[PDB]
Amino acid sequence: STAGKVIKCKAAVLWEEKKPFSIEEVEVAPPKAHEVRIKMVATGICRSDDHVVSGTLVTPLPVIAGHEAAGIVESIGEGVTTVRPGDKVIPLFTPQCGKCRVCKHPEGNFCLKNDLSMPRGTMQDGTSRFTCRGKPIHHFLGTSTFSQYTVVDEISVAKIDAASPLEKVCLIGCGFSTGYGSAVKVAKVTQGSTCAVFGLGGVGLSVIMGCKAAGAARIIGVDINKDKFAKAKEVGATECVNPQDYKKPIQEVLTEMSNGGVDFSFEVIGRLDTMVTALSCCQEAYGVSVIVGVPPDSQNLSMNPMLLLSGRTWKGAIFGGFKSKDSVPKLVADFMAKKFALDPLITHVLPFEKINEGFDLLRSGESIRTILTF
């Protein structure tokens, strides 16, 4: 009943940094060639959405943020072959065009069509599908999931199991897959190893889940908020440390705890200082450190390259290294077969209209993931 028509719906528009979202009517254009219009069902609040608000992650404003979500296809543009109306789908904030040198590479996942490295806040064709108060509104990472309806490029959507519980599997669209893949795929955590995870939010807990799945013997959670420790232990941390409790810097503490440095460390916060601390705490000759946290816009870290010369490996990744369109449906299938759990990440559920309360919960330290239902 809406195919080929403009849809008026509610979205959460961010007009200005450091302000609440405005829940108000937008116009959503119909999908053009190779585009998909999705009726959203559930979306998570990821710290990267907050980074848009805080100016940590710069993207053009005004904007419809949201990137961790699931929904149902309402209509498809001309030439779409990979989804149909009524399919359950997860928007892919990292696209998989299948054609660029990264998509063709066996390891690569950061498709060259992404809108993260130099955000423009458009569709692939450089235009917007959103109008609000007669004004064009930017997209976010090609997804814009804080809206009852969004339009995405076909390379930014994956079809998932028709029997999927969308209020759970939305987390496969960012935080779970990112953390789990950062452990199992990017770091390649080994059986019997010692891991250190800096930051025990939704992504860091997913890193712990991956470290445990990989058979780590020790998984040391690190957070300045000790309220995060109980859940971290529930999902596999063997011990938790708060840097504020120690006179010495936590890299020294972790090196001593691990009898000379950890096998694998993960920065899952987004601070320059913890990226360097996380590198330093891995064993100097054979340790691996993975950066997951999003750094503050345009800021450089300072480090001593002797940390690398001794033999450390330092890497980072987007979306856990997963090729997004290949991987998302398989992760959903694995979830359905109980290969991993998502409930430990979900601490709060709210209607979409209470999005601002959801962001308050994140900023206060109370929540891990709040799931918003449309």
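Residue numbers here begin at 1 and follow the sequence given. Note that the rigid core is defined as the largest set of C-alphas that superpose within 1.5 Å between two forms.
Participant: For a rigid core alignment of each structure in 4 other deposited structures of this protein onto the shown form, which stretch has the higher root mean square Cα deviation: 83-91 or 290-298?
Facilitator: When 83-91 and 290-298 are compared in 4 other deposited structures of this protein, 290-298 lies farther out.
Participant: Root mean square C-alpha distance from this form after a core fit in 4 other deposited structures of this protein: higher for 196-204 or for 241-249?
Facilitator: Checking 196-204 against 241-249 in 4 other deposited structures of this protein, I find the farther stretch is 241-249.
Participant: Between 25-33 and 311-319, point out the one with the higher average CA B-factor as the PDB entry records it.
Facilitator: The entry gives the higher C-alpha B-factor average to 25-33.
Participant: Can you tell me whether 103-111 has a higher mean C-alpha B factor than 171-179 in this record, or the other way round?
Facilitator: Result of the comparison: 103-111.
Participant: Sort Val207, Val157, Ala217, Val290 by C-alpha B-factor from the entry and give me just the highest.
Facilitator: Highest C-alpha B-factor among the listed options: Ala217.
Participant: Just grab whichever of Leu92, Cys211, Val197, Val83 has the top CA B-factor as deposited.
Facilitator: It is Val83.
Participant: Using the B-factor values recorded in the entry, state whether the Cα atom of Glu256 falls in the lowest, middle or highest third among the modelled residues of its chain.
Facilitator: CA B-factor rank for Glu256: highest third.
Participant: Mind checking which third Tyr286 falls in for C-alpha B-factor across the chain?
Facilitator: For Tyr286, the deposited C-alpha B-factor lands in the middle third.
Participant: In terms of the CA temperature factor given in the entry, to which third of its chain does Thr145 belong: lowest, middle or highest?
Facilitator: Lowest third - that is where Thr145 ends up once the chain's C-alpha B-factors are sorted.
Participant: Report the third (lowest, middle or highest) to which the CA temperature factor of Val294 belongs, ranking only the modelled residues of the same chain.
Facilitator: Tercile = lowest for this residue's CA B-factor.
Participant: Divide the modelled residues of the chain into thirds by Cα B-factor and specify which third, lowest, middle or highest, holds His139.
Facilitator: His139: CA B-factor falls in the lowest third of its chain.
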